[PDB]
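S.K.: Can you read through this structure? Questions will come right after.
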Amino acid sequence: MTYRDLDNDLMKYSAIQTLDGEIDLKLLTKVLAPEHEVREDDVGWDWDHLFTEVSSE
Amino acid sequence: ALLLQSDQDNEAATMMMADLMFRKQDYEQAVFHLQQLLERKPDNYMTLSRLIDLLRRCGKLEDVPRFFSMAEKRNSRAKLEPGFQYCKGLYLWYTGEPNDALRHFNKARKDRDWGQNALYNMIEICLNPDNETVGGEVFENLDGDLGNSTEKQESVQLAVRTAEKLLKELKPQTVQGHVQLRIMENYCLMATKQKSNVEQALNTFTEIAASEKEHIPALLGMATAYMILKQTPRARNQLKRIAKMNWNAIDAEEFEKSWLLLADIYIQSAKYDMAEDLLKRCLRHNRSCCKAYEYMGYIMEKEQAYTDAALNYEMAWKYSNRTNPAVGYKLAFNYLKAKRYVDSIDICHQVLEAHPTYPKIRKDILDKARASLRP
Amino acid sequence: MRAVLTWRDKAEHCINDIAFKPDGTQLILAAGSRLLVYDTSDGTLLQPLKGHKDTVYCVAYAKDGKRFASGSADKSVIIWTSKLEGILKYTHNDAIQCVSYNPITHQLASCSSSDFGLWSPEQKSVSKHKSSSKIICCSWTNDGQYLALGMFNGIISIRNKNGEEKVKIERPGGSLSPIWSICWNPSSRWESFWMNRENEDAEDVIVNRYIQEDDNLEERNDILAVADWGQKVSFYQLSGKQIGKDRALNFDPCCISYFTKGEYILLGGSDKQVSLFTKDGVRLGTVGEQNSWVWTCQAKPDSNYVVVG
C-alpha cells in the first residue's frame, strides 16, 4: 500500500470533521454513531419479533 | 517515591520510576509497575506504549496482547482511539508486519500526541520498509532479483518521496522538532540516491553537526550520505564518533542503526570482532533486533559454526514471522550440514508453505536431505 | 473415538521399526544400534539384544512366532530364535532398509540399495536379486504369492515369490514422491492361517552360523495401501489399477498400517501424530499426538491396542 492508499481511511470522514478548510470539529464528532448504524429502512416492526430481535443482540 | 506516596495514581511518577528501574536493569520491576498502573488504569496509551517498548527491549513481545484486551474489556470503543491505534501500530512493526503497522499508524496519524508519534514511525517504514542498513554492503549487494526491478525501485522511491508528505504533516512546536524534521527530510533526500539530493543531505547534516557536535541523527545522516556517495572512509570515522557516546532513550533508534551500519563496514574490513561487539551492544539496549541477529548468524556461518548460525537463523526465522525465506533456506541448509536431516526437511516444508515456487530449496536442500534420510 | 496411553518408554536413540510376537506378548524395537525386547502389558524392557555393529534400520517377525529378522547399516541381517539367540547370520550387498516375512511359507525378504535377498527356511543359499532403485519398503500379498516393493523413484513394482517382476505403477512425478511405506490389506481367508498353535517347546543351537551367497491378476482380490512423499495416499489392485482417487494429505506420511481386522488404517508421519482412517481412506480420528516425527505405527495382534515410535 502507498501513502495515498492508506489515506482513504481519513479522506471521506474529513468532510464531516472539517469546515471551509479552516476549522476542525473532531471533539464533537465523538458523539456520532457510524452511518451504517444510523441509516434506517421503510420496513415494518411487530412486537413479538421486535422484542425477540432486541433480546438477541 | 515521595510523589507516589503522596498520590499512587500519578502516571508520570510511575513511568519515570520504571525508566529509572530500566536504567538500573531492574526490568522486571519497570514492567511490573507499568502492569500495576494498567491494572489500575487499563485505558492508558502512554503506559501501554512505554510497556510495549520495555517488552521489545527485553525480547518479550508475546506478553503485550493481554493489555490490549484489558483496554477493550474496559472500553469497547478503545479500538477507535488514536492512542490505541498508535500502540497497535508499534506492536505490528515489532512482530514483522510493516503494512499492518502502517495501517494502524495511519488511523492514529492526525492526533496531536499519538498521531505525531505514529507519523515518525510511518516515516521510518516509508524510508526503510525492509529495515536495512541503508548502503550496507553485506546485503545491498544482494536482493538483486527484486532490487534491480523497476517495480521495487519505483514503489520504494514513491514511499520515500511521500515520506516528505508525512514530514509536511509533522508540524513542529520546538527548535528540536524543526531539527529532527529537517534531518528526516534529508533522510528522504539521501534515500533518493540522486547525487545532488545526497550532497544536500550531507551538507544539512554537517551544518547541524557543526552547531551540535553530538547530534546523533545528523551524524548518522553524514555517515549514510557518505556511504551513498561512496565516500566510505568519511562515513567510518563519523560512525566511530557515535559509537564512543553513551546511549539514551531519545536517540536510541539512530544509535541502534549507526552501530549496525558500522558493523557492516567492519565486515567489509573483515575485522568481525568490532562488528560482533556493536551487534551485541545493540542487543543489550534492544534484544528484539532481527538485523543484529541476522548479521551475527552470517558471522557464525563464515566461522563454520553451523549450529550457532542455525540458532541465530532460528531467531531471525521466528522474528521475521517466517517471512524471510532467505533465512528459511539458511536455517534448513545449516540443519542439513549439522546432520539434522529431519529438522532440515521440516524447514524446507515451512519455506514452501511460506512461499510456493521459491527457487533453489526444493532440489538442493529438500531432495539432498531426503536422499540422506535412510543412507 | 477415544485413545488412552497404557504405557510409555524412551530409548537412548531413534526408533526405526517395530515387531510383535503373533500372540501379542512381546514387542521388539529396532532402536539405534541394538534390538530392544518389551512386554506389551506395561512396557518393562527385558533385554537389549547385542548382535549388530551399526544402525538397526528394521526388524520383522515370522507368522509361526519362532523366528525374527533384523537388518543393519553394518550390512548384516540376523535371524533370531524366539529363545533370543541369533542362530543364522547373513551379510547383504549394502545397508538394509526394510525386511518382511511371507504370511504362508515363512520365506524372508531383505531389501537394500539395489538388491533384495529372498530365502525359504534353512536352505543353503539366498536369491540376492537386483532392482533399478533404492528399495525402501516391502510387503507380501495376503496369500503369500507376490512381494510388492516401493521405490525412492516413486514407483511401486510387484515381484512373484521366485523374484521375477510382473507389474509396475509410477506415481506421476517419479522421484518427487518417494514411497516410504506400503501395506497389503489383511482382509482375506488366510488371516486365521497360523492362528492355531499350541507347541510348548523351541529349537536350540550351540553358536551362531552364516548363510552363504501369475496370470488373471484382475481376478486376484488383494488391495495395496500406498503412502508417498508427494503427500498423498492411494489404494491399488495387483493389476496396477488405482482404486478411486488419491486421498490427499498435508504432511509427509510414513508407515501406513492396518489392524488384524483389515477395516481401519493407522497413518503416522511428519504430522507428528498417529491419524486413524477407514479402509476407504476417510479420516476417523487421532491416536496420541507426538513431540517429533512418527516413523512407525503398529497395531497389536488380535486387539485394538496401537504402538508408536
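Ordering of the C-alpha cells sets the chain letters (A, B, ...); residue numbers start at 1 within each chain; ligands are numbered from 1 in the order shown.
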If we count only C-alpha atoms and set the cut-off at 6 Å, which residues sit around range 230-233 of chain C, ignoring sequence neighbours fewer than 5 positions away in its own chain? Please answer as an NGL selection string.

M.R.: :C and (177 or 246-249 or 251-252)

S.K.: Could you write those residues out with N, CA and C atoms, as a compact mmCIF listing (two decimals), in the first residue's frame?

M.R.:
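Output (out00.txt):
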```txt
# COMPACT_ATOMS: atom_id res chain seq x y z
N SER C 177 8.09 -37.98 -5.43
CA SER C 177 7.23 -38.64 -4.44
C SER C 177 7.76 -40.04 -4.05
N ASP C 246 -6.76 -40.32 -5.23
CA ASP C 246 -5.75 -40.02 -4.22
C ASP C 246 -6.33 -39.23 -3.04
N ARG C 247 -6.30 -39.84 -1.85
CA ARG C 247 -6.70 -39.21 -0.59
C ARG C 247 -5.55 -38.31 -0.13
N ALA C 248 -5.68 -37.02 -0.42
CA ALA C 248 -4.64 -36.02 -0.19
C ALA C 248 -4.33 -35.82 1.30
N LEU C 249 -3.13 -35.32 1.60
CA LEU C 249 -2.65 -35.06 2.95
C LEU C 249 -2.00 -33.67 3.02
N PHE C 251 1.09 -33.50 5.02
CA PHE C 251 2.29 -33.96 5.70
C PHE C 251 3.02 -35.01 4.87
N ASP C 252 4.27 -35.30 5.20
CA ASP C 252 4.98 -36.45 4.68
C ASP C 252 4.55 -37.69 5.47
```

S.K.: Which residues are close to residue 273 in chain B, i.e. within 12 Å by only C-alpha atoms, leaving aside same-chain residues fewer than 3 positions away? Reply as a list in words.

M.R.: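 The residues satisfying every condition are residues 263, 264, 266, 267, 269, 270, 276, 277, 278, 279, 280, 296, 299, 300 and 303 of chain B.
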
S.K.: Could the residues of chain C within 10 Å of chain B, counting only C-alpha atoms, be given as JSON, numbers by chain, please?

M.R.: {"C": [16, 57, 73, 95, 96, 97, 113, 134, 136, 152, 175, 176, 178, 229, 251, 252, 270, 292, 293]}

S.K.: Tell me as a PyMOL selection string which residues belonging to chain A come within 8 Å of chain B, counting only C-alpha atoms.

M.R.: chain A and resi 1-3+6-7+9-10

S.K.: For a test of reading the model, state the distance in Å between CA of residue 91 in chain C and CA of residue 72 in chain C, rounded to one decimal.

M.R.: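 These two atoms are separated by 9.4 Å.
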
S.K.: Give me, as a ChimeraX atom specification, all polymer residues having an atom no more than 12 Å from residue 76 in chain C, counting only C-alpha atoms and skipping those fewer than 5 positions away in the same chain.

M.R.: /C:33,51-58,69-71,86,88-97,99,110-112,117,210-211

S.K.: One decimal, Å: what's the distance from CA of residue 108 in chain C over to CA of residue 87 in chain C, could you say?

M.R.: 15.1 Å

S.K.: Step one, run DSSP on the backbone; step two, keep only residues of chain A assigned to alpha helix (DSSP H); then write them as a short mmCIF file (atom, residue, chain, number, x, y, z; two decimals) with N, CA and C atoms, in the first residue's frame.

M.R.:
```cif
data_model
loop_
_atom_site.label_atom_id
_atom_site.label_comp_id
_atom_site.auth_asym_id
_atom_site.auth_seq_id
_atom_site.Cartn_x
_atom_site.Cartn_y
_atom_site.Cartn_z
N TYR A 3 1.16 5.61 0.62
CA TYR A 3 0.61 6.65 1.50
C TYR A 3 -0.82 7.07 1.11
N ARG A 4 -1.08 7.31 -0.18
CA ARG A 4 -2.42 7.65 -0.70
C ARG A 4 -3.44 6.53 -0.45
N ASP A 5 -3.04 5.27 -0.62
CA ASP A 5 -3.93 4.12 -0.39
C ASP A 5 -4.35 4.00 1.08
N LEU A 6 -3.45 4.29 2.01
CA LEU A 6 -3.75 4.35 3.45
C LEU A 6 -4.66 5.55 3.78
N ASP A 7 -4.40 6.71 3.19
CA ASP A 7 -5.12 7.96 3.46
C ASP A 7 -6.65 7.88 3.19
N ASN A 8 -7.10 6.90 2.39
CA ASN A 8 -8.52 6.55 2.24
C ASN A 8 -9.25 6.30 3.58
N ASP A 9 -8.55 5.86 4.64
CA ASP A 9 -9.13 5.72 5.98
C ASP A 9 -9.68 7.05 6.53
N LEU A 10 -9.15 8.19 6.07
CA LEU A 10 -9.44 9.54 6.58
C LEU A 10 -10.17 10.44 5.56
N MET A 11 -9.97 10.21 4.26
CA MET A 11 -10.41 11.10 3.16
C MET A 11 -11.90 11.47 3.17
N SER A 14 -13.18 13.34 6.65
CA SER A 14 -12.68 14.73 6.71
C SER A 14 -13.75 15.79 6.41
N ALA A 15 -14.70 15.51 5.51
CA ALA A 15 -15.78 16.43 5.14
C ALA A 15 -16.80 16.67 6.27
N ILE A 16 -16.92 15.75 7.23
CA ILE A 16 -17.70 15.92 8.47
C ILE A 16 -16.82 16.53 9.58
N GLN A 17 -15.55 16.12 9.68
CA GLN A 17 -14.61 16.65 10.68
C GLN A 17 -14.32 18.15 10.51
N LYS A 26 -13.46 17.64 15.53
CA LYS A 26 -13.35 16.21 15.90
C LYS A 26 -13.86 15.86 17.30
N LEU A 27 -13.64 16.72 18.29
CA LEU A 27 -14.16 16.60 19.66
C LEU A 27 -15.69 16.39 19.73
N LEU A 28 -16.45 17.13 18.91
CA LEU A 28 -17.91 16.96 18.77
C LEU A 28 -18.24 15.66 18.05
N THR A 29 -17.47 15.29 17.02
CA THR A 29 -17.75 14.10 16.20
C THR A 29 -17.70 12.78 16.98
N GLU A 35 -22.43 5.80 10.06
CA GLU A 35 -23.52 5.93 9.08
C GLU A 35 -24.32 4.63 8.90
N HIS A 36 -23.65 3.48 8.76
CA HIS A 36 -24.32 2.19 8.55
C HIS A 36 -25.16 1.70 9.74
N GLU A 37 -24.98 2.25 10.93
CA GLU A 37 -25.84 2.01 12.11
C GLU A 37 -26.87 3.13 12.33
N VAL A 38 -26.64 4.32 11.77
CA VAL A 38 -27.56 5.47 11.78
C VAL A 38 -28.60 5.41 10.66
N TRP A 47 -44.48 -6.57 17.63
CA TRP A 47 -43.93 -6.56 19.00
C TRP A 47 -43.18 -7.83 19.37
N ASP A 48 -43.73 -9.02 19.07
CA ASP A 48 -43.08 -10.32 19.30
C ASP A 48 -41.69 -10.39 18.64
N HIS A 49 -41.60 -10.04 17.36
CA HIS A 49 -40.34 -10.02 16.62
C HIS A 49 -39.39 -8.95 17.16
N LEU A 50 -39.87 -7.72 17.35
CA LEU A 50 -39.07 -6.58 17.78
C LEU A 50 -38.44 -6.83 19.16
N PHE A 51 -39.21 -7.41 20.08
CA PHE A 51 -38.72 -7.88 21.37
C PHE A 51 -37.68 -8.99 21.20
N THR A 52 -37.97 -10.00 20.37
CA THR A 52 -37.04 -11.12 20.13
C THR A 52 -35.70 -10.62 19.57
N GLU A 53 -35.74 -9.73 18.59
CA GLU A 53 -34.57 -9.11 17.98
C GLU A 53 -33.76 -8.31 19.02
N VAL A 54 -34.39 -7.38 19.74
CA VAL A 54 -33.74 -6.59 20.80
C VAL A 54 -33.19 -7.47 21.93
N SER A 55 -33.81 -8.62 22.20
CA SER A 55 -33.34 -9.62 23.17
C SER A 55 -32.18 -10.49 22.65
N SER A 56 -32.01 -10.60 21.33
CA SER A 56 -30.99 -11.46 20.69
C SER A 56 -29.62 -10.78 20.56
#
```

S.K.: Write out as a list in words each polymer residue whose atoms come within 8 Å of residue 329 in chain B, counting only C-alpha atoms; drop sequence neighbours fewer than 2 positions from it.

M.R.: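 Neighbouring residues, sequence-local ones excluded: residues 325, 326, 327, 331, 332, 333, 347, 348, 351, 361 and 365 of chain B.
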
S.K.: For range 23-29 of chain C, find every residue with an atom within 8 Å (counting only C-alpha atoms), except residues of its own chain fewer than 5 positions away, and show them as a list in words.

M.R.: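 Everything that qualifies: residues 15, 16, 17, 18, 35, 36, 37, 38, 39, 40, 41, 59, 300, 301 and 302 of chain C.
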
S.K.: With a distance cut-off of 10 Å and only C-alpha atoms, select the neighbouring residues of range 314-316 of chain B, excluding the residue or stretch itself and same-chain residues fewer than 4 positions from it, and output the selection as a PDB file with N, CA, C and O atoms, in the first residue's frame.

M.R.:
```pdb
ATOM      1  N   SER B 288      15.252  -7.246  20.764  1.00  0.00           N
ATOM      2  CA  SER B 288      14.385  -7.616  19.631  1.00  0.00           C
ATOM      3  C   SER B 288      15.047  -7.563  18.246  1.00  0.00           C
ATOM      4  O   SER B 288      14.457  -8.059  17.289  1.00  0.00           O
ATOM      5  N   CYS B 289      16.210  -6.921  18.099  1.00  0.00           N
ATOM      6  CA  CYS B 289      16.714  -6.505  16.785  1.00  0.00           C
ATOM      7  C   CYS B 289      17.045  -7.685  15.851  1.00  0.00           C
ATOM      8  O   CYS B 289      18.132  -8.261  15.921  1.00  0.00           O
ATOM      9  N   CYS B 290      16.154  -7.986  14.900  1.00  0.00           N
ATOM     10  CA  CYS B 290      16.359  -9.044  13.905  1.00  0.00           C
ATOM     11  C   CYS B 290      17.641  -8.821  13.089  1.00  0.00           C
ATOM     12  O   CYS B 290      18.431  -9.744  12.894  1.00  0.00           O
ATOM     13  N   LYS B 291      17.932  -7.591  12.663  1.00  0.00           N
ATOM     14  CA  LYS B 291      19.175  -7.341  11.927  1.00  0.00           C
ATOM     15  C   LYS B 291      20.421  -7.569  12.777  1.00  0.00           C
ATOM     16  O   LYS B 291      21.396  -8.078  12.234  1.00  0.00           O
ATOM     17  N   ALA B 292      20.404  -7.334  14.089  1.00  0.00           N
ATOM     18  CA  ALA B 292      21.552  -7.683  14.927  1.00  0.00           C
ATOM     19  C   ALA B 292      21.832  -9.203  14.927  1.00  0.00           C
ATOM     20  O   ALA B 292      22.974  -9.630  14.755  1.00  0.00           O
ATOM     21  N   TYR B 293      20.784 -10.030  15.028  1.00  0.00           N
ATOM     22  CA  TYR B 293      20.917 -11.482  14.904  1.00  0.00           C
ATOM     23  C   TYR B 293      21.278 -11.938  13.479  1.00  0.00           C
ATOM     24  O   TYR B 293      22.059 -12.876  13.329  1.00  0.00           O
ATOM     25  N   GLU B 294      20.742 -11.317  12.421  1.00  0.00           N
ATOM     26  CA  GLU B 294      20.942 -11.836  11.053  1.00  0.00           C
ATOM     27  C   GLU B 294      22.399 -11.653  10.588  1.00  0.00           C
ATOM     28  O   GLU B 294      23.009 -12.581  10.050  1.00  0.00           O
ATOM     29  N   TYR B 295      22.995 -10.494  10.888  1.00  0.00           N
ATOM     30  CA  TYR B 295      24.430 -10.262  10.713  1.00  0.00           C
ATOM     31  C   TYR B 295      25.271 -11.231  11.569  1.00  0.00           C
ATOM     32  O   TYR B 295      26.242 -11.804  11.080  1.00  0.00           O
ATOM     33  N   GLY B 297      24.431 -14.315  12.740  1.00  0.00           N
ATOM     34  CA  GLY B 297      24.279 -15.636  12.130  1.00  0.00           C
ATOM     35  C   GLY B 297      25.150 -15.817  10.888  1.00  0.00           C
ATOM     36  O   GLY B 297      25.783 -16.860  10.731  1.00  0.00           O
ATOM     37  N   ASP B 308      25.490 -22.638  15.855  1.00  0.00           N
ATOM     38  CA  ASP B 308      25.246 -21.283  16.377  1.00  0.00           C
ATOM     39  C   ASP B 308      24.674 -20.342  15.289  1.00  0.00           C
ATOM     40  O   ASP B 308      23.804 -19.502  15.529  1.00  0.00           O
ATOM     41  N   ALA B 309      25.096 -20.543  14.041  1.00  0.00           N
ATOM     42  CA  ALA B 309      24.465 -19.930  12.886  1.00  0.00           C
ATOM     43  C   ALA B 309      22.985 -20.334  12.801  1.00  0.00           C
ATOM     44  O   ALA B 309      22.131 -19.455  12.733  1.00  0.00           O
ATOM     45  N   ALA B 310      22.648 -21.626  12.910  1.00  0.00           N
ATOM     46  CA  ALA B 310      21.261 -22.074  12.996  1.00  0.00           C
ATOM     47  C   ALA B 310      20.514 -21.480  14.203  1.00  0.00           C
ATOM     48  O   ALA B 310      19.348 -21.142  14.050  1.00  0.00           O
ATOM     49  N   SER B 320      11.104 -12.863  11.937  1.00  0.00           N
ATOM     50  CA  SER B 320      10.533 -12.472  10.637  1.00  0.00           C
ATOM     51  C   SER B 320       9.064 -12.875  10.490  1.00  0.00           C
ATOM     52  O   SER B 320       8.495 -12.677   9.421  1.00  0.00           O
ATOM     53  N   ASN B 321       8.459 -13.529  11.489  1.00  0.00           N
ATOM     54  CA  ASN B 321       7.182 -14.234  11.361  1.00  0.00           C
ATOM     55  C   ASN B 321       7.192 -15.214  10.171  1.00  0.00           C
ATOM     56  O   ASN B 321       6.239 -15.315   9.395  1.00  0.00           O
ATOM     57  N   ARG B 322       8.329 -15.891   9.983  1.00  0.00           N
ATOM     58  CA  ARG B 322       8.602 -16.808   8.864  1.00  0.00           C
ATOM     59  C   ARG B 322       8.396 -16.177   7.475  1.00  0.00           C
ATOM     60  O   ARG B 322       8.052 -16.869   6.521  1.00  0.00           O
ATOM     61  N   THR B 323       8.615 -14.863   7.342  1.00  0.00           N
ATOM     62  CA  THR B 323       8.539 -14.128   6.055  1.00  0.00           C
ATOM     63  C   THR B 323       9.900 -13.875   5.393  1.00  0.00           C
ATOM     64  O   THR B 323       9.949 -13.277   4.320  1.00  0.00           O
ATOM     65  N   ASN B 324      11.007 -14.331   5.990  1.00  0.00           N
ATOM     66  CA  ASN B 324      12.355 -14.237   5.421  1.00  0.00           C
ATOM     67  C   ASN B 324      12.806 -15.599   4.842  1.00  0.00           C
ATOM     68  O   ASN B 324      13.478 -16.364   5.536  1.00  0.00           O
ATOM     69  N   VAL B 327      16.640 -16.500   5.059  1.00  0.00           N
ATOM     70  CA  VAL B 327      16.912 -17.152   6.350  1.00  0.00           C
ATOM     71  C   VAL B 327      16.267 -18.533   6.422  1.00  0.00           C
ATOM     72  O   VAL B 327      16.874 -19.442   6.972  1.00  0.00           O
ATOM     73  N   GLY B 328      15.099 -18.734   5.812  1.00  0.00           N
ATOM     74  CA  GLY B 328      14.477 -20.057   5.693  1.00  0.00           C
ATOM     75  C   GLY B 328      15.408 -21.074   5.034  1.00  0.00           C
ATOM     76  O   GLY B 328      15.703 -22.117   5.610  1.00  0.00           O
ATOM     77  N   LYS B 330      18.758 -20.688   4.658  1.00  0.00           N
ATOM     78  CA  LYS B 330      19.961 -20.777   5.501  1.00  0.00           C
ATOM     79  C   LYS B 330      19.734 -21.672   6.714  1.00  0.00           C
ATOM     80  O   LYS B 330      20.588 -22.492   7.019  1.00  0.00           O
ATOM     81  N   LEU B 331      18.587 -21.566   7.373  1.00  0.00           N
ATOM     82  CA  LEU B 331      18.233 -22.395   8.513  1.00  0.00           C
ATOM     83  C   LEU B 331      18.132 -23.869   8.108  1.00  0.00           C
ATOM     84  O   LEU B 331      18.769 -24.714   8.741  1.00  0.00           O
ATOM     85  N   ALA B 332      17.425 -24.185   7.017  1.00  0.00           N
ATOM     86  CA  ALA B 332      17.354 -25.553   6.537  1.00  0.00           C
ATOM     87  C   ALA B 332      18.736 -26.083   6.142  1.00  0.00           C
ATOM     88  O   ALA B 332      19.088 -27.206   6.487  1.00  0.00           O
TER      89      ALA B 332
END
```

S.K.: So how many Å separate CA of residue 23 in chain B and CA of residue 57 in chain B, to one decimal?

M.R.: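 Value for the CA of residue 23 in chain B-CA of residue 57 in chain B distance: 12.0 Å.
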
S.K.: So that I can check the surroundings of residue 14 in chain B, please list as a PDB file with N, CA, C and O atoms, in the first residue's frame every protein, DNA and RNA residue that reaches within 10 Å of it, counting only C-alpha atoms and ignoring chain neighbours fewer than 3 positions away.

M.R.:
```pdb
ATOM      1  N   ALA B   1       9.363   8.450  44.649  1.00  0.00           N
ATOM      2  CA  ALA B   1       8.836   7.722  45.795  1.00  0.00           C
ATOM      3  C   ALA B   1       7.955   8.620  46.673  1.00  0.00           C
ATOM      4  O   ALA B   1       6.827   8.254  46.985  1.00  0.00           O
ATOM      5  N   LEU B   3       6.412  11.401  45.605  1.00  0.00           N
ATOM      6  CA  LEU B   3       5.258  11.717  44.772  1.00  0.00           C
ATOM      7  C   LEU B   3       4.273  10.542  44.747  1.00  0.00           C
ATOM      8  O   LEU B   3       3.089  10.744  44.989  1.00  0.00           O
ATOM      9  N   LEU B   4       4.748   9.307  44.586  1.00  0.00           N
ATOM     10  CA  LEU B   4       3.915   8.104  44.640  1.00  0.00           C
ATOM     11  C   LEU B   4       3.313   7.856  46.033  1.00  0.00           C
ATOM     12  O   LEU B   4       2.182   7.393  46.141  1.00  0.00           O
ATOM     13  N   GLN B   8      -0.558   7.670  44.623  1.00  0.00           N
ATOM     14  CA  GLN B   8      -0.152   6.417  43.979  1.00  0.00           C
ATOM     15  C   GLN B   8      -0.532   6.344  42.492  1.00  0.00           C
ATOM     16  O   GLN B   8       0.051   5.563  41.743  1.00  0.00           O
ATOM     17  N   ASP B   9      -1.518   7.132  42.059  1.00  0.00           N
ATOM     18  CA  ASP B   9      -2.080   7.086  40.704  1.00  0.00           C
ATOM     19  C   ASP B   9      -1.426   8.106  39.748  1.00  0.00           C
ATOM     20  O   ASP B   9      -1.901   8.287  38.622  1.00  0.00           O
ATOM     21  N   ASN B  10      -0.351   8.783  40.178  1.00  0.00           N
ATOM     22  CA  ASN B  10       0.437   9.699  39.347  1.00  0.00           C
ATOM     23  C   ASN B  10       1.246   8.929  38.285  1.00  0.00           C
ATOM     24  O   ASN B  10       2.314   8.374  38.551  1.00  0.00           O
ATOM     25  N   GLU B  11       0.727   8.918  37.055  1.00  0.00           N
ATOM     26  CA  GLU B  11       1.254   8.128  35.937  1.00  0.00           C
ATOM     27  C   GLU B  11       2.689   8.515  35.580  1.00  0.00           C
ATOM     28  O   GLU B  11       3.533   7.638  35.383  1.00  0.00           O
ATOM     29  N   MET B  17       9.832   6.432  37.380  1.00  0.00           N
ATOM     30  CA  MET B  17      10.396   5.390  38.234  1.00  0.00           C
ATOM     31  C   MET B  17      10.684   4.099  37.454  1.00  0.00           C
ATOM     32  O   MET B  17      11.777   3.551  37.573  1.00  0.00           O
ATOM     33  N   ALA B  18       9.767   3.640  36.600  1.00  0.00           N
ATOM     34  CA  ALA B  18      10.003   2.477  35.750  1.00  0.00           C
ATOM     35  C   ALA B  18      11.194   2.680  34.793  1.00  0.00           C
ATOM     36  O   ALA B  18      12.012   1.776  34.640  1.00  0.00           O
ATOM     37  N   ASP B  19      11.357   3.863  34.200  1.00  0.00           N
ATOM     38  CA  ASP B  19      12.533   4.176  33.377  1.00  0.00           C
ATOM     39  C   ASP B  19      13.836   4.129  34.187  1.00  0.00           C
ATOM     40  O   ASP B  19      14.856   3.639  33.703  1.00  0.00           O
ATOM     41  N   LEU B  20      13.817   4.595  35.438  1.00  0.00           N
ATOM     42  CA  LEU B  20      14.973   4.526  36.335  1.00  0.00           C
ATOM     43  C   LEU B  20      15.279   3.079  36.746  1.00  0.00           C
ATOM     44  O   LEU B  20      16.440   2.681  36.754  1.00  0.00           O
ATOM     45  N   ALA B  30      10.380  -2.475  36.358  1.00  0.00           N
ATOM     46  CA  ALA B  30       9.926  -1.499  35.367  1.00  0.00           C
ATOM     47  C   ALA B  30       8.637  -1.969  34.663  1.00  0.00           C
ATOM     48  O   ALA B  30       7.635  -1.258  34.646  1.00  0.00           O
ATOM     49  N   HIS B  33       5.583  -2.427  37.467  1.00  0.00           N
ATOM     50  CA  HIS B  33       4.976  -1.162  37.880  1.00  0.00           C
ATOM     51  C   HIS B  33       4.095  -0.554  36.791  1.00  0.00           C
ATOM     52  O   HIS B  33       3.015  -0.051  37.101  1.00  0.00           O
ATOM     53  N   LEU B  34       4.468  -0.671  35.513  1.00  0.00           N
ATOM     54  CA  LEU B  34       3.567  -0.273  34.427  1.00  0.00           C
ATOM     55  C   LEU B  34       2.372  -1.227  34.287  1.00  0.00           C
ATOM     56  O   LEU B  34       1.259  -0.776  34.031  1.00  0.00           O
ATOM     57  N   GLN B  36       0.959  -2.914  36.898  1.00  0.00           N
ATOM     58  CA  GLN B  36       0.104  -2.473  38.005  1.00  0.00           C
ATOM     59  C   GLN B  36      -0.658  -1.196  37.645  1.00  0.00           C
ATOM     60  O   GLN B  36      -1.863  -1.116  37.872  1.00  0.00           O
ATOM     61  N   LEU B  37       0.014  -0.214  37.041  1.00  0.00           N
ATOM     62  CA  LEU B  37      -0.645   1.016  36.606  1.00  0.00           C
ATOM     63  C   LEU B  37      -1.716   0.753  35.539  1.00  0.00           C
ATOM     64  O   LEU B  37      -2.799   1.322  35.627  1.00  0.00           O
ATOM     65  N   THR B  47       1.231   4.587  29.238  1.00  0.00           N
ATOM     66  CA  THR B  47       1.754   3.445  29.999  1.00  0.00           C
ATOM     67  C   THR B  47       1.850   2.191  29.132  1.00  0.00           C
ATOM     68  O   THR B  47       2.849   1.480  29.190  1.00  0.00           O
TER      69      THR B  47
END
```

S.K.: If you run DSSP over the backbone, which residues in chain A end up strand (DSSP E)? Put them as a PDB file with C-alpha atoms, in the first residue's frame.

M.R.:
```pdb
ATOM      1  CA  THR A  18     -13.716  19.965   8.937  1.00  0.00           C
ATOM      2  CA  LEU A  19     -15.343  23.271   7.847  1.00  0.00           C
ATOM      3  CA  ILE A  23     -11.965  24.655  11.358  1.00  0.00           C
ATOM      4  CA  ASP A  24     -11.732  21.116  12.897  1.00  0.00           C
TER       5      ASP A  24
END
```
